[PDB]
Engineer: 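This is the structure I want to talk about, given as structure tokens.
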Amino acid sequence: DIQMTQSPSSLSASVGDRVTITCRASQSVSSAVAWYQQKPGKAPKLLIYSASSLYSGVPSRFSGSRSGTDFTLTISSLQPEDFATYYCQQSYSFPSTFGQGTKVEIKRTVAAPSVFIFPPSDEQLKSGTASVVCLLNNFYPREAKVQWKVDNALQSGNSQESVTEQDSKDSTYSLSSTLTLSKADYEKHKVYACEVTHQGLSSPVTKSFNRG
Amino acid sequence: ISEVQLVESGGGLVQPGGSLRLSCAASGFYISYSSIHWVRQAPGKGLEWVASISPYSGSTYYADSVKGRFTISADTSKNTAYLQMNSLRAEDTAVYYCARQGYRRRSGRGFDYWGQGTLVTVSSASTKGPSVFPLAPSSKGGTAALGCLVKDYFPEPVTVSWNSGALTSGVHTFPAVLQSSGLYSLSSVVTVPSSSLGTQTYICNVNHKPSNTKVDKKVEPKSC
RNA sequence: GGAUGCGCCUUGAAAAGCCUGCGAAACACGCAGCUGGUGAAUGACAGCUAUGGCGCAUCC
Ligand SMILES: CN1/C(=C/c2sc3ccccc3[n+]2CCCS(=O)(=O)O)Oc2ccccc21
């Protein structure tokens, strides 16, 4: 089987940067190589075919090049909507094989999150569980620390986080942290707080509410 | 006119060891004169080519990880390609895409059209619909945030829209998380102007197809 | 929508094999002719006729 290996596997570049992604075939493939762009959860979109031909409708900042068994996708000047995973593919011999993908992230300036806290609904409380949600909206970089406190005691092991894909216009992230408690435990305590630490904040930001 | 389209169907939850077939219904071209490929993507992982069928001859090709268990075929009368999967294993769980290899003259051997993709989950677990709870805006950056929590469903996916699709600005629908219960949950939030909380209505439309759950939950502030 | 005009593609290489262009065309199937060039085993072709397409420009 022919193997395709891209380098790097992930990269972060600023708007306007020249980005180059490389892909190496283990055996000869004679420029039967295509490049695709894939947004998260969406079908891939063809960018380059026959190693170096720009597909109809693809912006001119994308180009492809061949040198022996090494193939290069170039983005001449990176745009915020170019955040994606890029894949090479050989179609010289069956079975066809894709590269492992290179994830391209847009590096931007630091942006501090806006923090919101959400108590459980009475509707959910009827069910015996309470979910407390903390929202971190429109921040950069991705790294952030969310700490839950219940009556000033630090929580551990009872929260989970999810983070959106990078925004296509402002390159920021949003993050949710969900604290899961039994109704019993929720009703035993008063102050529910999420404390957020992030590069864009001079000191941690705490959002809280009092049950009832 | 007939625009080129690939519409996949047949995805869902299936027990291991069984059989499941995916369909790829083509519009706008004659499927037996084109090359059709199946490509899959396990959650969080890379694209994996799975199989293909050649124009005019109908010759079929398969990846080793799949050969002998899957069969790709085409039906001219239905203009539809198929991926028959047998002896399903957990490693087969993935979003499956069908794709058309384009016209040599215009795009070489690149895949120029793709289906929307459909999730096949190979699991022994059972189907559970979600509960939808409001995330109410608070009484206190100039704007307000609100949302809905979609908790305890299986398998993926769920779709969420706001105001039947009229509200898209400021919406963030987070990736689902797998809870320790083995069920999924996710939140969808949107930021809106505080001044409009009394006037504008905000409804979160949640659809979980594998359980025929359609919910519309209004989100208003608490009286307090 | 109608006229005209321009351009382009409609292979190349031959015993075999391999490579390659076109035909919706990776395997299987199909691809007429002329002049020159090339090949002592080498894709290396140039300009065209014919037949099928495709794009651009002018004009009513
Ligand atoms: C058959 N054969 C061969 C013939 C050759 S070499 C050559 C070189 C210059 C001019 C003519 C020419 N010719 C014949 C032309 C007839 S034609 O093919 O044009 O009809 O050379 C071979 C070398 C190895 C194995 C078989 C071989």
Side-chain angles (χ1 to χ4, degrees), chain A residues 1-5 23-36 43-58 60 64-71 87-99, chain B residues 1-8 23-40 47-84 97-115:
Chain A
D1 280 6
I2 308 202
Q3 215 180 184
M4 304 289 280
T5 296
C23 170
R24 153 160 311 152
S26 58
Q27 316 177 26
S28 190
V29 279
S30 160
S31 78
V33 170
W35 288 94
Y36 304 84
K45 297 214 187 113
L46 174 60
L47 304 169
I48 306 290
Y49 67 94
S50 294
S52 55
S53 302
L54 182 62
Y55 182 52
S56 189
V58 179
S60 54
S65 149
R66 183 203 176 184
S67 189
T69 55
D70 278 316
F71 301 85
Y87 290 96
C88 66
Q89 178 205 23
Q90 72 83 18
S91 297
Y92 183 83
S93 165
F94 293 110
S96 191
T97 38
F98 290 90
Chain B
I1 52 137
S2 49
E3 142 191 340
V4 172
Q5 262 193 70
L6 300 173
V7 177
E8 315 179 33
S23 66
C24 175
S27 300
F29 64 103
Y30 192 56
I31 208 179
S32 77
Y33 288 6
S34 67
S35 179
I36 298 295
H37 302 245
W38 286 96
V39 175
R40 68 184 179 179
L47 296 175
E48 188 185 10
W49 183 87
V50 166
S52 73
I53 184 158
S54 293
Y56 305 100
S57 73
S59 310
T60 56
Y61 305 87
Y62 300 87
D64 291 63
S65 54
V66 152
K67 173 133 51 206
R69 319 190 287 117
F70 293 14
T71 300
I72 189 182
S73 69
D75 185 335
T76 61
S77 58
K78 308 224 197 97
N79 212 38
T80 294
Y82 302 99
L83 186 60
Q84 182 61 74
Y97 299 93
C98 67
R100 183 184 80 172
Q101 188 173 314
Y103 297 110
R104 186 168 47 193
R105 201 196 332 94
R106 182 174 83 98
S107 57
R109 300 181 189 179
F111 299 176
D112 62 345
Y113 281 86
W114 297 66

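Note on naming: letters A, B, ... go to the chains in the order of the sequence lines (proteins, then strands), and numbering restarts at 1 for each one.
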Engineer: Take the protein atom OH of B:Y56 and the nucleotide atom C1' of C:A26, then report the distance between them rounded to whole Å.
Structural biologist: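 Answer to the nearest Å: 14 Å.
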Engineer: Do A:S96 side-chain atoms and A:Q90 backbone N/O form a donor-acceptor pair below 3.5 Å?
Structural biologist: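 Confirmed, A:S96 side chain pairs with A:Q90 backbone.
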Engineer: Between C1' on C:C27 and CD1 on B:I72, what's the gap in Å once rounded to a whole number?
Structural biologist: 14 Å
Engineer: When we call it a touch if two heavy atoms are under 4.0 Å apart, what does B:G58 touch: a base, just sugar-phosphate, or nothing?
Structural biologist: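 Touches nothing.
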Engineer: Would you kindly give the CZ-to-P distance between B:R104 and C:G21, to the nearest whole Å?
Structural biologist: 7 Å
Engineer: Is the backbone of B:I72 close enough, under 3.5 Å, to the side chain of B:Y62 for a donor and an acceptor to pair up by distance?
Structural biologist: yes
Engineer: Taking atom CZ as the centre, does A:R24 end up with more than 12 heavy-atom neighbours from other residues, nucleotides or ligands that are less than 6.0 angstrom away?
Structural biologist: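 Atom CZ in A:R24 is not crowded, with 12 or fewer foreign heavy atoms closer than 6.0 Å.
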Engineer: Taking C:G39 as the reference, what is the distance to C:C45 when you measure between their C1' atoms (whole Å, please)?
Structural biologist: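 Roughly 12 Å separates the two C1' atoms.
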Engineer: Taking any heavy-atom pair under 4.0 Å as a contact, classify B:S35: base, sugar-phosphate, or nothing.
Structural biologist: nothing
Engineer: Checking one value: the base orientation of C:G43, syn if chi is within 90 degrees of 0, otherwise anti.
Structural biologist: syn
Engineer: Determine the interplanar angle of the B:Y61 and A:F94 rings, folded into 0 to 90°, and report it as parallel if under 30°, tilted if 30 to 60°, perpendicular if over 60°.
Structural biologist: parallel
Engineer: So, OP1 or OP2 of C:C9: does either fall under 4.0 Å of a side-chain N or O from B:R105?
Structural biologist: no
Engineer: Measuring to OP1 and OP2 of C:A25, would you say a side-chain N or O of B:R109 lies under 4.0 angstrom away?
Structural biologist: no
Engineer: Send over the distance from B:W49 CH2 to C:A26 P, rounded to a whole Å.
Structural biologist: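 B:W49 atom CH2 is separated from C:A26 atom P by 13 Å.
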Engineer: Could you state the CG-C1' distance from B:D112 to C:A25, rounded to the nearest angstrom?
Structural biologist: 15 Å
Engineer: Between C:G55 and C:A14, how far apart are the two P atoms, rounded to whole Å?
Structural biologist: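 31 Å, rounded to whole Å.
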Engineer: If we call it a pair only when both distances are under 3.5 Å in a Watson-Crick or G-U wobble match, what pairs with C:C48?
Structural biologist: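 Its partner is C:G33 (Watson-Crick or G-U wobble, both distances under 3.5 Å).
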Engineer: Rounded to the nearest angstrom, tell me the gap between atom OH in B:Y103 and atom P in C:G23.
Structural biologist: 11 Å
Engineer: Reckon B:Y30 has a side-chain N or O less than 4.0 Å from the OP1 or OP2 of C:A24?
Structural biologist: no
Engineer: How close or far is atom P of C:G55 from atom CZ of B:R106, stated in whole angstroms?
Structural biologist: 12 Å
Engineer: From the options C:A24, C:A25, C:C27, select the nucleotide whose nearest atom is closest to the side chain of B:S34.
Structural biologist: C:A24
Engineer: Angle between ring planes, B:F111 versus B:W114, binned at 30° and 60°: parallel, tilted or perpendicular?
Structural biologist: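 Rings of B:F111 and B:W114: tilted, 30 to 60°.
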Engineer: When you match B:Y33 and B:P55 each to their closest nucleotide on RNA chain C, which lands nearer the 5' end?
Structural biologist: B:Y33
Engineer: Tell which nucleotide pairs with C:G39, taking only Watson-Crick or G-U wobble pairs whose two distances are both under 3.5 angstrom.
Structural biologist: none
Engineer: Suppose you measure atom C1' in C:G30 against the same atom in C:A40; what distance do you get, rounded to whole Å?
Structural biologist: 32 Å
